[PDB]
Every structure is written in structure tokens, then in C-alpha cells.
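Novice: Sending over a structure as C-alpha cells; questions will come in a sec.
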Amino acid sequence: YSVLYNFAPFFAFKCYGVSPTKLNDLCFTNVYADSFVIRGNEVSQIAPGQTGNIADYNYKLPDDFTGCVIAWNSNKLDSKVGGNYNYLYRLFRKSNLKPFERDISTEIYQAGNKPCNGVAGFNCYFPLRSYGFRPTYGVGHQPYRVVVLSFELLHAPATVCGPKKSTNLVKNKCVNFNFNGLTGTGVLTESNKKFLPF
Amino acid sequence: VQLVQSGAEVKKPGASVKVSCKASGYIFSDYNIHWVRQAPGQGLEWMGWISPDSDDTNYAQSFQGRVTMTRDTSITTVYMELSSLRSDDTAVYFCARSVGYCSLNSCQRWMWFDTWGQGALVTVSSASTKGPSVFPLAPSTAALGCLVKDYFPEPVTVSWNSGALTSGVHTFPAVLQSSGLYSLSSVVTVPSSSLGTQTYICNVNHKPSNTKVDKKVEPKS
Amino acid sequence: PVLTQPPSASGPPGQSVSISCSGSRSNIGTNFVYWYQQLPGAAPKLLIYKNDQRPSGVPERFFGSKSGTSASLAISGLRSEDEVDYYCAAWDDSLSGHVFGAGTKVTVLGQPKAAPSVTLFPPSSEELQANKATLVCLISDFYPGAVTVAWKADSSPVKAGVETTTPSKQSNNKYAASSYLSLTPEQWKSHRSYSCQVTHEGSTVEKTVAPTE
């Protein structure tokens, strides 16, 4: 977790669960990381038990998530002075987007009773729009790099563990040692025994 | 911004040419460059775009290996290759500058072509470089004219009395042959009573061939 | 998915008219239709984008609209300075490329008829020394173009190595067509009378010029 406290300040480092600094003490089963970019005014719309207009039609974080969001501001290849039409969002969706679900659609979404399935006009629009990721705009129009940490517990043996520090050698002086979870007290001397590699 | 082009020559089919459009005057990492060909006798065609910061492109279902698009960010110049020139390749590959990143397929719907500048002109023909061998013509109100044959490529200029006389000279379309050669005969209006009393010389200049010929026209004696 | 666009538009000045550029299923309606223009001998420019708002630098005469599969371009008033070559542009998800139709040519709905002037210029005596012989005669003072030319040897029609081309517009609002005939020195001296003829409303002009002049 030493590479998780740099790379620009995190706009929203406050968590809704286990502390980020306590993740080194506890080992976790699996981690889910999602990579997307949102606008500066869409940072506040994501919350446990709270949603906005853009957040309801997009990925939503429910009350029970076992994790939180860490987002920061960085503008190296995220903001374009001209056009930025690659990154898009959903603002006209069929229903509320349930968590842990995703959907892709490049086809037009109707707004009335006429089925727009190949033709459009005044009463039919397109469900996607592009962000105004421009440096000449305001703070709330600036792009933000957003990642959400999701954890699943009590479903698999734990293998994604935190970092464990190490100390220096000691000789001929009894200490309170700890070797891979084996605790004890005693001297540390050179051994004439022979083991097997397992 | 400097959207000027790089000159190219006519080449026979079976080889490749170098076409370059200048991308200077603006920052290279945010504006996309598009190439649209305008071919007579058919509609325009668009084959694919590039991302001018890395390797990212998508090819439409019309061209698969004829056109290769590259990019250089050190000097901000792009080079393209056209191979196996034919009737389908006979077009002007215009240079279109537009906003947008466009590393995906849904970007193109919200994107419009901002500025077109200095499209390079490419002529597809088996004929390449050759010199004119025009002979003097025997003429027979009246009209006087001089022709040009077995010359390649376009264009050439004509003048009467070293350009001292103007009579409304108009260019004419020509006919492609099997080997490939144009035929131009600029004809001006002259009085019928002035055919040999007043001098009349024809000057034809071939800029790609770097030659100048000045042959007079007179009736047979 | 190929865009259907008419080649010529019959637009009378002083009254509004709408032209249609229709595509196919999942080609128009899933993506917007764009309107552009280009001058002959000049770089293209932008006319209408998204069919919603008129861009700056272009007068508000062309109306951007789309109704169903057919894309309708509406205009209000016609001017001689706005005879630019319009074009139909659209994006296709099934092709991953911009699809273009044939293109519309707009002609104002002129010139009085005139008698054609044809002058035959036979090659001189220096052409036969190099075994090369061609005959060029010019057709002008006719309106409109799209005329046909024939070559007569005064004995029988011949169809071998005939060269004809579509005439282009003149700077003086006229039309001129140039005719060519590539032959051999064996055929050049075979007959003593070679000529070129055309058709113009059922009228023809033929004159006889000897190769020896």
C-alpha cells in the first residue's frame, strides 16, 4: 500500500468502512478495482444510500459495499483542449442501474410510445453524451481519475495480504521473536542441523 | 495553422509514393487528422482515423492493405503510403483537421470536420516522365492553333507571340489512351486576311520535363 | 448502406425546395447526418453539423433537418454566389467509416444558340518523317455540351482509335469540345480527304481538307 499514498492528492480519501491504513493489518480474499473518469461535479453524487442524476443511470455504490472510493485530480492525458468524445456517460437509461452490473448500447433510446428502432427525429434522442473535459472550463468540469476498492469476504481462502515488515539479525541474546506467525522467546544461535527444503 | 502539403509525382502501378500533410501550427496530442478522398465518377470514401499519440486505428471495410497511416511527434509530421494506384485510387487525398481524441468507435458521431487545408493531388497513370516531341503544324473567320502530343504529366502552358497577344485561351479536356497521353490544342481567333503577313509563334513549356520548345506554324509550301 | 444522393438538383431561384438524401436501415437515425460543402478548386468547409444549430461564418440560409430515414435539406432563397457543391455525410456503425453519396450539382434554371466553328489543322510535312500523324479539330460556340463527333473519310465510316471527351465549362459561360483521331501513316496516305463532323440539333458542318494541303 505504499504506492497508494502518492500519485496526486486524493480528492475524496474518506472511507465508508475499514480504514485504508488498517488494510495492512488484515488480509483480504479478493479486490475489485474499476477504472473510469468522471467530471468534477460528479464526484459528490456517488455515496452509500445516495445518488444523483448521472449516478442513478450509471454505476452505483450501495449501502453495503465492503469498500469505498478513492479519487484524485490529474491532467496528463485526461483533459483535452479540443474535443473529448471517447469518454461518455448515461443520462437516459431504461431503469435504475443495479450495483455490480454494466451495460453497453450504441443504439438510440426512445422517449415516447413510438418505437425508435432505426429512425429518429424530434421525439427521439440519444442516451449517451460526451464530457466537457476542457482545461478552459471550471473546477467542476475538470476530469477526475476515479477508482473504487471493492472487497468480498468469507468466500475464498485469503491470498491478497498486506505488507509485512522485516527486522535485522540478532545473535546470542534472547529476544521476543516472531517467525511467520510462530511466537516465542529465546536465543538465536547457529545450527548444525540439516532440514529438507519443505 | 500550417496545413500545407508535400508535392508528389505521377507513378506507374506497382510502386508506392510518399504523401505528407503538414500538422504543425497546433498541438499534436488533441486534434485528430482525417483524410478524405474525392474521386470523380463515384462518391467520396473514408477509410480510417489515427490517434496522434500512440498506435491506435480502425479500418473500414473498403481498404485493408492499400493505405498505411503513420505518425511522428518529434517533428510533428505525418507520412502516408499509397500503393498499387489504379482507377479507384484516382482521387485528391484531402487533409482534414478536427477536434477530438477518438480512440473508440462512438466518438465519430459527435465529431465534425473542422478545417480542410491543402489537399495533396495524386494522379494515377502508367505513364511517368517523358519529354515532348512536338512538330510544327500546318493550318488549313479563320483560326490558328498549336497542338502538343506525347507529353506527360499535366499541365502545360501556351502563348502566342511570347505572350504579347491575348485572344481568350481556354483549356480543354483530353482523352486517355491505352499507353496514356494527353492531347491539348489551344485555338485562338485570328483574322482571315492575316495568316502569313503577321508572325505567330507558339511556345509550350513542360514544367516536370524542364524543357521549352518554340515552334512556329505556317501553311505548307 | 451506400448513401443515395441525386446527381443533379433542379432548384429554381426565389422559391424554397427540399432535397432528400436517404440511406438504409441502421445507417440514418442511429447516427446523425452531416452537411458539408466544397468549392471546385478549393478546400472543403463546414455547412451544417448535428442538424440543430447553424455554425458561425456561414449565412443562415440552409436549414439542418432530419425526418425519418430520409434526410431533408431545406433552403430559403437562392443566390448565384451560393452555388457550392453540397455533400451528404453520415456515420455508419456497420461500416466504421464515413459514407458518402454521389453528390448534388445545383444549376440555376440562358445562353443563345450559336453556329459551331470547326477548324481542321492537318499535320505538316515534318510529321510524316517521324511516322506520326494525328488530326485535331476544335468544336466551340455551342450550348449546352455533351455533343458527339464523328470522322468521315468521304468513302465509308471508320471506327478505329477515336478519341472523344466530355466538354468542360468555359470562363465566358460557353462550352468547347475537342476531338482527336490517332491513326497510322499507312492510313493517313490511303485517302486524300479526311474530315471531322458533329451533330447539333440535326445540323452538321463538313469541309474537305487534303492531306497535301
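Chains as they are written, first to last, in this note's numbering: chain P, 17 to 214; chain B, 145 to 365; chain Z, 367 to 579. C-beta: ideal position from N, C-alpha, C; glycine also.
1. Going along chain Z, which residues have a C-beta under 9 Å from P/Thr183?
2. Give the residues from the region 222-246 of chain B that approach chain P closer than 8 Å (Cβ to any Cβ), ordered along the chain.
3. Are B/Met255 and P/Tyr101 close, meaning C-beta to C-beta below 8 Å?
4. Quick check: Z/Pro489 and B/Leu281, are their CB atoms within less than 8 Å of each other?
5. In terms of residue numbering, what span does the beta strand (DSSP E) encompassing P/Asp41 cover?
6. Near B/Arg181, what residues of its chain come up, given a Cβ to Cβ distance below 6 Å and the 5 sequence neighbours on each side ignored?
7. Which residues in chain P sit within 7 Å of Z/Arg391, going by Cβ to Cβ distance?
8. Where does Z/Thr396 land, buried or exposed, given buried means 16+ other C-beta within 10 angstroms?
9. Quick one: complete beta strand (DSSP E) runs, 3+ long, within the region 182-218 of chain B?
10. Which stretch, first to last residue, makes up the beta strand (DSSP E) that contains Z/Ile505?
11. Counting Cβ pairs closer than 8 Å, one from the region 409-416 of chain Z and one from the region 467-474 of chain Z, do we hit at least three?
12. Between the region 298-313 of chain B and the region 321-330 of chain B, are three or more C-beta pairs nearer than 8 Å?
13. Would P/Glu123 pass as an interface residue toward chain Z - the criterion being a Cβ-Cβ separation below 8 Å?
14. What is the DSSP secondary structure of B/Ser329, counted as helix, strand or coil?
15. With a cut-off of 8 Å, does the C-beta of P/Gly99 fall near any C-beta of chain Z?
16. Just checking: is the beta-carbon of P/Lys96 within a distance shorter than 8 Å of some beta-carbon in chain B?
17. Specify the secondary structure class of P/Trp88 as computed by DSSP and reduced to three states.
18. Please list the partners that Z/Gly469 has in chain P, where partner means a Cβ-to-Cβ separation under 8 Å.
19. Helix, strand or coil for P/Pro159? Go by DSSP, reduced to three states.
20. I need the DSSP call for B/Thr285, collapsed to helix, strand or coil.
21. Can you give the Cα-Cα distance for B/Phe207 and P/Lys92, rounded to whole angstroms?
22. Would P/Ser60 count as contacting chain B if we go by Cβ distances under 8 Å?
23. In chain P, what lies closer than 7 Å to Z/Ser433 by C-beta?
24. Is it buried or exposed, B/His178, if we count other Cβ atoms within 10 angstroms and call 16 or more buried?
25. Rounded to a whole number of angstroms, what is the C-alpha to C-alpha distance between Z/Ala519 and Z/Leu504?
26. Compare the C-beta of Z/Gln536 with all C-beta atoms of chain B and state if any pair is closer than 8 Å.
27. How big is the Cα-Cα spacing for B/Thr212 and P/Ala49?
28. From B/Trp260, B/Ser250, B/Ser277 and B/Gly263, pick the residue whose C-alpha is nearest to that of P/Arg145; which is it?
29. Could you check whether the Cβ of Z/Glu447 sits closer than 8 Å to any Cβ belonging to chain B?
30. Pick helix, strand or coil for P/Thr37, following the three-state DSSP scheme.
31. Between P/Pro78 and the rest of its own chain, which residues show a CB-CB distance below 8 Å, the 5 nearest in sequence each way excluded?
32. Taking the alpha helix (DSSP H) that Z/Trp517 belongs to, which residues open and close that run?
33. Applying the 10 Å Cβ sphere with the 16-neighbour rule, what's the burial state of B/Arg241?
34. For B/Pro184, return the contacting residues in chain Z, with the cut-off set at a CB-CB distance below 8 Å.
35. Going by Cα to Cα distance, which pick from B/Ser160, B/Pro196, B/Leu229 and B/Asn354 is closest to B/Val300?
36. Just tell me which of Z/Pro551, Z/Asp458 and Z/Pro478 has its CA closest to the CA of Z/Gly389.
Specialist: So, from the data block:
1. The residue you call residue 183 of chain P lines up with position 167 of the first sequence. In chain order: nothing, as chain Z lies at least about 59 Å away.
2. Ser242, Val243, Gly244, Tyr245 and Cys246
3. Mapped onto the second sequence, residue 255 of chain B falls at position 111. Mapped onto the first sequence, residue 101 of chain P falls at position 85. Closer than 8 Å, so yes.
4. Position 123 of the third sequence holds residue 489 of chain Z. Position 137 of the second sequence holds residue 281 of chain B. In this structure, B/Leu281 lies closer than 8 Å to Z/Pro489 by Cβ.
5. Translated into the one-based positions of the first sequence, residue 41 of chain P becomes position 25. Unbroken run through P/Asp41: none, as it is neither H nor E.
6. Residue 181 of chain B sits at position 37 when you count from the first residue of the second sequence. Cβ within range, chain order: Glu189, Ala235 and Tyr237.
7. On the third sequence, residue 391 of chain Z is found 25 positions in, with the first residue counted as 1. Near Z/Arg391 (Cβ distances below 7 Å), the residues of chain P are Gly134.
8. Position 30 of the third sequence, counted from the first residue, corresponds to residue 396 of chain Z. With 16 or more Cβ atoms within 10 Å of its Cβ, Z/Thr396 is classed as buried.
9. With a minimum length of 3 residues, the continuous beta strand (DSSP E) runs that stay inside the region 182-218 of chain B are 192-194, 201-203 and 211-213.
10. Your numbering for residue 505 of chain Z matches position 139 in the third sequence. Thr500 to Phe508 is the span of the beta strand (DSSP E), which, as asked, contains Z/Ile505.
11. no
12. yes
13. The residue given as residue 123 of chain P occupies position 107 in the first sequence. At least one chain Z Cβ lies under 8 Å of P/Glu123.
14. Translated into the one-based positions of the second sequence, residue 329 of chain B becomes position 185. In the structure shown, B/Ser329 falls within a strand segment according to DSSP collapsed to helix, strand and coil.
15. In the first sequence, residue 99 of chain P corresponds to position 83, counting from 1. No, P/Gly99 lies away from the interface with chain Z (no Cβ there is under 8 Å from its Cβ).
16. For the purposes of this step, residue 96 of chain P is taken as the residue at position 80 of the first sequence. P/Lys96 counts as touching chain B.
17. By 1-based counting over the first sequence, the position of residue 88 of chain P is 72. Reduced to three states, the DSSP call for P/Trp88 is strand.
18. Locating residue 469 of chain Z in the third sequence gives position 103, where the first residue counts as 1. What Z/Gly469 touches in chain P: nothing, since even the nearest Cβ is about 24 Å away.
19. By one-based count along the first sequence, residue 159 of chain P stands at place 143. It is a strand residue.
20. Position 141 of the second sequence, counted from the first residue, corresponds to residue 285 of chain B. DSSP places B/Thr285 in coil when its eight states are reduced to three.
21. Here residue 207 of chain B is taken as the residue at index 63 of the second sequence, counted from 1. Here residue 92 of chain P is taken as the residue at index 76 of the first sequence, counted from 1. Spanning the two alpha carbons is a distance of roughly 34 Å.
22. Along the first sequence, one-based indexing puts residue 60 of chain P at 44. No, because no Cβ of chain B sits closer than 8 Å to the Cβ of P/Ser60.
23. Along the third sequence, read from residue 1 onward, the residue named residue 433 of chain Z stands at position 67. Those are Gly137, listed as they occur along chain P.
24. What you label residue 178 of chain B is simply residue 34 of the second sequence in a count that begins at 1. When all chains shown are included, B/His178 counts as buried.
25. As a first step, residue 519 of chain Z must be located in the third sequence, where it is residue number 153. As a first step, residue 504 of chain Z must be located in the third sequence, where it is residue number 138. Approximately 18 Å, taken between the alpha carbons.
26. Locating residue 536 of chain Z in the third sequence gives position 170, counting from the first residue. Yes, because at least one Cβ of chain B sits closer than 8 Å to the Cβ of Z/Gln536.
27. Along the second sequence, read from residue 1 onward, the residue named residue 212 of chain B stands at position 68. Along the first sequence, read from residue 1 onward, the residue named residue 49 of chain P stands at position 33. Roughly 37 Å between the two C-alpha positions.
28. Within the first sequence, the letter at position 129 stands for residue 145 of chain P. Of the listed residues, the one whose Cα sits closest to P/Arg145 is B/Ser250.
29. To locate residue 447 of chain Z, count along the third sequence from 1; it is residue 81. No, its Cβ sits nowhere closer than 8 Å to a Cβ of chain B.
30. Counting from one through the first sequence, the residue named residue 37 of chain P turns up at place 21. P/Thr37 falls in the helix class under three-state DSSP.
31. Translated into the one-based positions of the first sequence, residue 78 of chain P becomes position 62. Once the five neighbours on either side are set aside, the close Cβ partners of P/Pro78 are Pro64, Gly65 and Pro115.
32. By 1-based counting over the third sequence, the position of residue 517 of chain Z is 151. Unbroken run through Z/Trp517 is the beta strand (DSSP E), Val515 to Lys518; no alpha helix (DSSP H).
33. Sequence index remark: in the second sequence, residue 241 of chain B carries index 97 (1-based). Its Cβ being crowded by 16 or more others within 10 Å, B/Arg241 is buried.
34. Your numbering for residue 184 of chain B matches position 40 in the second sequence. Here the premise fails: no neighbours, minimum Cβ distance about 10 Å.
35. Residue mapping note: residue 300 of chain B aligns to position 156 of the second sequence, counting from 1. Measuring from the Cα of B/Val300, the nearest candidate turns out to be B/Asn354.
36. For the purposes of this step, residue 389 of chain Z is identified with residue 23 of the third sequence, where counting begins at 1. Cα-wise, what sits closest to Z/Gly389 is Z/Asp458.
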